[PDB]
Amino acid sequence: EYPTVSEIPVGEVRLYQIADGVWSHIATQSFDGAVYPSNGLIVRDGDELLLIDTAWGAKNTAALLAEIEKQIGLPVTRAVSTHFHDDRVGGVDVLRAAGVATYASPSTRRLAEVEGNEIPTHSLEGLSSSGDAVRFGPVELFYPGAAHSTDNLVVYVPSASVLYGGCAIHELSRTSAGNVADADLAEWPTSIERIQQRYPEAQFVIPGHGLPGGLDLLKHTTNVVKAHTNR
């Protein structure tokens, strides 16, 4: 059921309903001779929508907004970027031009600025220390500690038991640790443990790339990170 990278041409975006009021959005890009998918989240926030992450680039994010308009028809009023990479903030300017209030932690904003990436407008306080959690409407934002990046946030939708791990959590078919250029390999397993400890009731786990699964994705991620660490 879940759209794979072979089913979405670069430039198009698919929506996938995970639970009532919760969708992932799936987009693709070519990189270094392969095509990769990328997921974000959409969470119904009363009569508005909360967007988690861009669709990885301006063109995809424009397509995302058009697809949300077509398929859901509620306004995207806020967006949270869960780390500073282009699959999370690339397209912030498109969101901003569309009247979406864009948010990220100060750690993400600082790192995005260093990288020369797009910078969400608003700063999310209360997430600077590993284990910090803040409510953001229909989701909880959780900073589990450094993992895939030092700023990576995870997002939990308590009404749907959906845990969005972002790029700190790998899909089952991923055997490498992904892009580790900005990762904290030493802390990544401990950060995963914090996610497991805070959301042991999670029923759906959404990685930043690839197929959703369950909490098994967390142990899988730990195994993959350990294997990469021991290369």
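Heads up: residue numbers just count along the shown sequence, starting at 1.
Stretches compared: 198-206, 57-65. Higher mean C-alpha B-factor in the entry: 198-206. The PDB entry records a higher mean C-alpha B factor for 124-132 than for its counterpart among 75-83 and 124-132. As recorded in the PDB entry, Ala34 shows the highest C-alpha B-factor of the residues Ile169, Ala34, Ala27, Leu41. In this structure the maximum Cα B-factor among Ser161, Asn117, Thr102, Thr150 is found at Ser161. In this PDB entry, the Cα temperature factor of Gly178 sits in the middle third of its chain's modelled residues. The deposited CA B-factor of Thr221 belongs to the lowest third of values across its chain. Placement of the Cα temperature factor of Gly145 within the chain: middle third of the modelled residues, per the deposited record. In this PDB entry, the Cα temperature factor of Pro189 sits in the middle third of its chain's modelled residues.
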